[PDB]
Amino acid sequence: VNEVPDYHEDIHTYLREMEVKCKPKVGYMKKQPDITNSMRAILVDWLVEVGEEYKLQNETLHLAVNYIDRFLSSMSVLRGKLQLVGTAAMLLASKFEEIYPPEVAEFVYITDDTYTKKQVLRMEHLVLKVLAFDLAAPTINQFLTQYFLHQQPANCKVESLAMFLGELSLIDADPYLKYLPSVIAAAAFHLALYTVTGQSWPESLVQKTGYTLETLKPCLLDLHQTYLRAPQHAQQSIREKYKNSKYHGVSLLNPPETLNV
């Protein structure tokens, strides 16, 4: 019952439909006059640090990022206000997903008093208005945990490494805004499985998802390059986080040099 046998295919279908509706605009950053891909990377890396400091769920982080990308798809923001958007997004995601969210004062503290309490609460309301309260969005993690049920047998390193790779994709809007969560999750699962065990995307997931290594190839080639370059990336908080024994130290594993795909 913890794997909901009678509902898991209905839920998967439903998430498939909702990811298309919650999808940010692929080309938004070129329409932002004052912010760039690089400034977004810095913000998302900081949110990883905040989630680590307050011991928040990984789902909470993924939700906050969906909210930010949706908000910036329609609202032009100056570089001095980008962190105010991020803070309000993380506050909303914590209220939705956490048993014990941090208090608003804690969210003011982590911005170093760049912003007042009143500014954070005002931005909360604006983000709710712009998104029309539509907060129950699908994430990469929601698809990953379903895919993990197809392992024969379950491997903790495969699970943590796929999580790590999905997380790295959050940092880089080019190229990852062009792929759906269910696709990033599938490429991440295949790459982690291959790296740890030598195995490949299983037939049982072809039956569930309709995705094959053929349709996954473009995202897989991107993700592979990202994994190879991760030690040199300007942003490092995800690699540091996934050194921890909580995540079986998976950021210390060596990427495969080729995929044969």
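Throughout, we count residues from 1 along the sequence that is shown.
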(message) Test of understanding: from the entry's C-alpha B-factors, which stretch has the higher mean, 67 to 75 or 149 to 157?
(response) 149 to 157
(request) State which stretch shows the higher mean Cα B factor in the entry: 58 to 66 or 212 to 220. (result) 212 to 220
(message) Among 41, 192, 29, 48, where is the Cα B factor highest in this entry?
(response) 29
(request) Among the candidates 98, 167, 103, 134, give the one with the maximum CA B-factor reported in the record. (result) 103
(request) Consider only the C-alpha atoms of the modelled residues in this chain, order them by B-factor as the entry records it, and name the third containing residue 16: lowest, middle or highest. (result) lowest
(message) Ranking the modelled residues of this chain by C-alpha B-factor as given in the entry, is residue 6 in the lowest, middle or highest third?
(response) lowest
(request) Tell me, lowest, middle or highest third: where does the Cα B factor of residue 116 rank within its chain? (result) highest
(request) Tell me, lowest, middle or highest third: where does the Cα B factor of residue 143 rank within its chain? (result) lowest
(request) Would you check the entry's CA temperature factor for residue 108 and let me know if it's in the chain's lowest, middle or highest third? (result) highest
